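Trainee: Right, I'll just put the structure down here and ask away after.
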Amino acid sequence: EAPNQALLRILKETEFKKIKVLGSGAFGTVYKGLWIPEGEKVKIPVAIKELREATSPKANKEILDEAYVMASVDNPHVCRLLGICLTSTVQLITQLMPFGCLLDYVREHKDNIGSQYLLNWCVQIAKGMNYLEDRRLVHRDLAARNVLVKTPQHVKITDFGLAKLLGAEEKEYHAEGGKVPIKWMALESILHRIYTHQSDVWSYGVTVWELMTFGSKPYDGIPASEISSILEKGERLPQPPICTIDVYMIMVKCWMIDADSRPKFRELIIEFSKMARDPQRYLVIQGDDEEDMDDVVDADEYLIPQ
Ligand SMILES: CO[C@H]1CCN(c2nccc(Nc3cc4c(cn3)nc([C@@H](C)O)n4[C@@H](C)C(F)(F)F)n2)C[C@H]1F
């Protein structure tokens, strides 16, 4: 197989400064911060993810496995790891996405999200996803919560906690136990623990549904145990009121039993692009930062020779 010549950057704790907490999960604390490299005269808005507090060797392998995947990606619609900090607790340093996750964004801005925006997000998620397919990467956790907003017009795929690299003549990934998101999972993933790029396509369909419903919970109320029995019977997520048969037919195609019958991410870019050219024909919607900001540079503009 092809050697992975990606560069993992080790950053000094002194190079960056924590401002406030963005999220305090059971896994850790994500901090809003600023990164001032060596003597570069730049301030890079960052998101610093530290592994809870305690140093357990079991979870350190998980954060470094996430660092491996995140350092091996480079696409405008995928979040790249800026570096790692080897302190008492391992810290992942990533680009600050000022508008947070897409799921919370669609819920918080329901009344100001237009058809042009929803369809553009779909194209963008399909572009980043097709890139991961080119990189032989299976996400295994694509959802609106794992799509971050850089600007309302620019979103990127993130959270490589479950991501796996295939390569050569490996077409599918076989999993173990662990907590897995059942409501975003393809049927072969629930029944056989088989993950492919086409299983990611199913998850893409559910992500699109979340967006088109403005952040509604898929199969709301239904326990994860019943999902498998529901999908096997032929039941799928409802048509969002704003969706024309055109958009819904795309979501439906992602949820077909035969994985190879589902659309490819390169076809989803094409389909949604045609739709983004005349967004009102496809979506029916009624009525459709405290420091010296002189040297602030976004991570997408801060590059080091590759
Ligand atoms: C479980 O860890 C996740 C957390 C989100 N990760 C991430 N990846 C790339 C960039 C990035 N930046 C990033 C993440 C941000 C953010 C600004 N920038 N603002 C928020 C809140 C206020 O809405 N979040 C969320 C997702 C949280 F706090 F939970 F992280 N964050 C990917 C993994 F590290």
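Ligands are numbered from 1 in the order shown, residues from 1 within each chain, and chains are lettered A, B, ... in the order they appear in the structure tokens.
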Just the residues within 9 Å of residue A:53, please, counting only C-alpha atoms, with nothing from its chain fewer than 4 positions along; format it as an NGL selection string.
Mentor: :A and (28-29 or 88-89)
Trainee: Given the selection you just returned, output its residues as a file containing N, CA, C and O atoms, formatted as a tab-separated table (two decimals), in the first residue's frame.
Mentor:
```tsv
chain	number	residue	atom	x	y	z
A	28	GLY	N	-14.22	14.67	27.61
A	28	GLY	CA	-13.30	15.79	27.80
A	28	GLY	C	-13.90	17.17	27.70
A	28	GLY	O	-15.12	17.34	27.74
A	29	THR	N	-13.01	18.18	27.58
A	29	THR	CA	-13.39	19.59	27.48
A	29	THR	C	-12.73	20.26	26.28
A	29	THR	O	-11.50	20.31	26.19
A	88	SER	N	0.67	16.61	30.25
A	88	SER	CA	0.22	15.60	31.22
A	88	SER	C	-1.04	14.91	30.69
A	88	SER	O	-1.25	13.72	30.94
A	89	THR	N	-1.83	15.66	29.90
A	89	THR	CA	-3.04	15.23	29.19
A	89	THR	C	-2.87	15.59	27.71
A	89	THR	O	-2.49	16.72	27.40
```
Trainee: Taking only C-alpha atoms and all ligand atoms into account, report as an MDAnalysis selection string which residues have an atom no farther than 6 Å from an atom of ligand 1.
Mentor: chainID A and resid 22:23 30 47 49 79 94:98 100:101 158:159
Trainee: Restricting the calculation to only C-alpha atoms: of A:148, A:84, A:257, A:34, which residue gets closest to residue A:19?
Mentor: A:34
Trainee: Considering only helix (DSSP H, G or I) as DSSP defines it on the backbone, what residues of stretch 136-236 of chain A qualify? List them as a VMD selection string.
Mentor: chain A and resid 144 to 146 182 to 184 187 to 192 197 to 212 224 to 233
Trainee: Using only C-alpha atoms, find the one residue out of A:76, A:114, A:45, A:57 that sits nearest to residue A:279.
Mentor: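 Ranked by minimum distance to residue A:279, first place goes to A:114.
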Trainee: Can you check which residues of stretch 1-124 of chain A DSSP gives as strand (DSSP E or B) on the backbone and send them as an MDAnalysis selection string?
Mentor: chainID A and resid 10 16:24 29:35 43:50 78 81:86 90:95 101
Trainee: Could you take the residues named above and write them with C-alpha atoms, as an mmCIF file, in the first residue's frame?
Mentor:
```cif
data_model
loop_
_atom_site.group_PDB
_atom_site.id
_atom_site.type_symbol
_atom_site.label_atom_id
_atom_site.label_comp_id
_atom_site.auth_asym_id
_atom_site.auth_seq_id
_atom_site.Cartn_x
_atom_site.Cartn_y
_atom_site.Cartn_z
ATOM 1 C CA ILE A 10 3.850 18.733 17.954
ATOM 2 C CA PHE A 16 -1.409 28.464 22.598
ATOM 3 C CA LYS A 17 -3.822 30.142 25.075
ATOM 4 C CA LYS A 18 -7.273 28.916 26.273
ATOM 5 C CA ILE A 19 -10.074 31.546 26.288
ATOM 6 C CA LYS A 20 -13.319 29.694 27.262
ATOM 7 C CA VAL A 21 -15.000 26.215 27.199
ATOM 8 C CA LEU A 22 -17.001 25.395 24.015
ATOM 9 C CA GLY A 23 -18.112 21.923 25.209
ATOM 10 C CA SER A 24 -17.714 19.865 28.398
ATOM 11 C CA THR A 29 -13.386 19.593 27.481
ATOM 12 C CA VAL A 30 -13.114 21.473 24.143
ATOM 13 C CA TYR A 31 -11.626 24.984 24.597
ATOM 14 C CA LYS A 32 -11.905 28.111 22.389
ATOM 15 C CA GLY A 33 -8.317 29.347 22.052
ATOM 16 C CA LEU A 34 -5.592 31.208 20.162
ATOM 17 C CA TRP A 35 -2.425 29.677 18.632
ATOM 18 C CA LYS A 43 -2.894 34.394 15.826
ATOM 19 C CA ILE A 44 -4.803 31.276 14.717
ATOM 20 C CA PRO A 45 -8.302 30.789 16.256
ATOM 21 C CA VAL A 46 -8.254 27.181 17.538
ATOM 22 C CA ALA A 47 -10.363 24.495 19.267
ATOM 23 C CA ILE A 48 -8.292 22.614 21.872
ATOM 24 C CA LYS A 49 -9.684 19.186 22.859
ATOM 25 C CA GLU A 50 -8.124 17.744 26.075
ATOM 26 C CA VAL A 78 -13.019 18.154 6.103
ATOM 27 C CA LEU A 81 -5.700 18.498 12.820
ATOM 28 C CA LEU A 82 -3.386 21.535 13.221
ATOM 29 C CA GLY A 83 -1.269 19.647 15.771
ATOM 30 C CA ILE A 84 -1.087 17.773 19.103
ATOM 31 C CA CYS A 85 0.295 18.934 22.466
ATOM 32 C CA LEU A 86 2.091 16.276 24.534
ATOM 33 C CA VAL A 90 -2.984 14.840 25.345
ATOM 34 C CA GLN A 91 -4.530 17.849 23.538
ATOM 35 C CA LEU A 92 -5.817 17.874 19.917
ATOM 36 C CA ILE A 93 -5.455 21.299 18.267
ATOM 37 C CA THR A 94 -7.975 21.992 15.483
ATOM 38 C CA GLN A 95 -9.406 24.958 13.524
ATOM 39 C CA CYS A 101 -22.086 22.103 14.970
#
```
Trainee: Name the residues in contact with residue A:122 at a cut-off of 10 Å, using only C-alpha atoms, excluding same-chain residues fewer than 4 positions from it; report them as a list in words.
Mentor: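 Once the nearby chain positions are removed, what remains is residues 117, 118, 126, 127, 155, 204, 205, 207, 208, 211, 212, 268, 269, 271, 272, 273 and 276 of chain A.
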Trainee: Please, what distance in Å, to one decimal, runs between atom CA of residue A:250 and atom CA of residue A:218?
Mentor: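 A separation of 16.8 Å between them.
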Trainee: Might you pull out every residue within 12 Å of residue A:4, with only C-alpha atoms counted and same-chain residues fewer than 5 positions away left off, and present them as a ChimeraX atom specification?
Mentor: /A:68-69,71-73,135,165,167
Trainee: Need the shell around residue A:262: protein/DNA/RNA residues with any atom at most 9 Å away, counting only C-alpha atoms. Skip same-chain ones fewer than 4 positions apart. Format as a list in words?
Mentor: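 Returned residues: residues 198, 201, 202, 252, 253, 254, 255, 256, 257 and 258 of chain A.
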Trainee: Would you pick out the contacts of stretch 234-249 of chain A at 6 Å or less, using only C-alpha atoms, so that residues sharing its chain but fewer than 5 positions from it are not included, and give the list as an MDAnalysis selection string?
Mentor: chainID A and resid 213 282:285
Trainee: Counting only C-alpha atoms, which residue out of A:263, A:215, A:128, A:25 sits closest to residue A:109?
Mentor: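 The answer is A:215, which sits nearest to residue A:109.
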Trainee: Please list as a list in words every residue within 6 Å of stretch 187-194 of chain A, counting only C-alpha atoms and excluding residues in the same chain fewer than 2 positions away.
Mentor: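 Listing them by chain and then by number gives residues 173, 174 and 175 of chain A.
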